[PDB]
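Written out below as structure tokens is the structure these notes cover.
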Amino acid sequence: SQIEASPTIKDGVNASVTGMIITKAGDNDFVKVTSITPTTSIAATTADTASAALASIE
Amino acid sequence: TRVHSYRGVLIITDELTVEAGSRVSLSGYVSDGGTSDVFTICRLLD
Numbered sequence: 130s131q132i133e134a135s136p137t138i139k140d141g142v143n144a145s146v147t148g155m156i157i158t159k160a161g162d163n164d165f166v167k168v169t170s171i172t173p174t175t176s177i178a179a180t181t182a183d184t185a186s187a188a189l190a191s192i193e
Numbered sequence: 011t012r013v014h015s016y017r018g019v020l021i022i023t024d025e026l027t028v029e030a031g032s033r034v035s036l037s038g039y040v041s042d043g044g045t046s047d048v049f050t051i052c053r054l055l056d
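If you're matching them up, the sequences are chains H and I in order. According to the entry's author numbering, the stretch in the first sequence is residues 130 to 148, 155 to 193, in order. Sequential numbering from 11 applies to the second sequence in the entry's author numbering.
So, in structure tokens, the structure goes:
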């Protein structure tokens, strides 16, 4: 709820709830989350099967 | 181990275009007089 309410973050950051994954959606393409103690872990590159990565780089 | 997944939206992309055409039809013929008013014989004089 908070990540979808920030005036400068509301558009471009797609999130979920799991049972979260701060991906990108529309316009802005680059996203990055960083913390110190809690987590902000993993990479899980979105760019899939070259084509997705290639389409962006082209 | 979690194995827990997520869910997204149905996003589809399509390109649509509708086209038409045009043709001009004309019908004409060499003039052989023309529909006149008071078609009567005449006797010109100078």
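Where is the CB? At the ideal position from N, CA and C, for every residue including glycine.
- Inter-segment contact for the stretch 29–39 of chain I and the stretch 179–190 of chain H is absent: fewer than three beta-carbon pairs are separated by less than 8 angstroms.
- Between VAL166 of chain H and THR158 of chain H, the beta carbon gap of about 7 angstroms places them in contact (Cβ cut-off 8 angstroms).
- Residue-level contact check: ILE156 of chain H touches chain I, since one or more beta carbons of chain I fall below 8 angstroms from its beta carbon.
- Counting only the Cα atoms, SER41 of chain I lies some 23 angstroms from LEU54 of chain I.
- At a beta-carbon threshold of 8 angstroms, the residues of chain I lying near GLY148 of chain H are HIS14, ordered along the chain.
- For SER176 of chain H, the closest Cβ of chain I is not nearer than 8 angstroms.
- The Cβ-Cβ distance between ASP164 of chain H and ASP140 of chain H does not fall below 8 angstroms.
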